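Asker:
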Amino acid sequence: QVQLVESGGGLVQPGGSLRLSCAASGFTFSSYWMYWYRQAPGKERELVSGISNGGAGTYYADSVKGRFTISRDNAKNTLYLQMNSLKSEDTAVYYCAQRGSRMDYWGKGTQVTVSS
Ligand SMILES: [Cl-]
Numbered sequence: 001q002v003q004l005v006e007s008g009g010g011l012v013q014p015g016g017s018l019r020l021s022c023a024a025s026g027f028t029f030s031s032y033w034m035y036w037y038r039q040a041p042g043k044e045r046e047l048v049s050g051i052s053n054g055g056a057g058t059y060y061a062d063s064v065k066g067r068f069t070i071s072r073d074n075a076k077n078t079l080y081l082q083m084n085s086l087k088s089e090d091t092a093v094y095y096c097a098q099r100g101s105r106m107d108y109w110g111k112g113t114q115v116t117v118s119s
C-alpha cells in the first residue's frame, strides 16, 4: 500500500526555519514528480512546490520563491522541503503528494505554525 508520512513540522517564530520530510512507501518513487501542498484552516489548498523525477526540474509558488527549497533522495525515497525565512502566512498543514503519471496519494500532513 502507498503511504506518505510528513514530518518536521513545528512551532517557530517569523524568520525561523524548518525542514519537512516526506517518507514515501509502496511505489516506485523515482518514477514520479512529487509535490508539497498546504492548507490553512481558513483557506483553500495551495500548491507549494514540485520536483521532477530525478530532481532537475522544480516548481515553486511565487510566494515561497527564495525562501523554500524542494529536494529529493531517490534511494531513501524521501522528499524534503527546506523552509527558510518563515512568515505568518506560511502557517498551514503541509501535505506531500504523488499526483500520478490516475490515482492521487496524500499524507495526513504536518502542522507548521509561524508565531511569536
Ligand atoms: Cl505546531
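Here the sequence shown stands for residues 1 to 101, 105 to 119, where the numbers follow the authors' numbering.
Using N, Cα and C, we set each Cβ at its ideal position, and we do this for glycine too.
1) Quick one: give me the first and last residue of the beta strand (DSSP E) that residue 6 is part of.
2) Use the C-beta contact count for residue 81: other C-beta atoms within 10 angstroms, 16 or more gives buried, fewer gives exposed.
3) Is DSSP giving residue 89 helix, strand or coil here?
4) Let me know the secondary structure DSSP gives residue 31 once reduced to three states.
5) Which residues does DSSP pair with residue 21 in a beta bridge?
Answerer: On the basis of the supplied data:
1) 3-7
2) buried
3) DSSP places residue 89 within a helical segment (H, G or I) once states are collapsed to three.
4) helix
5) 7 and 80
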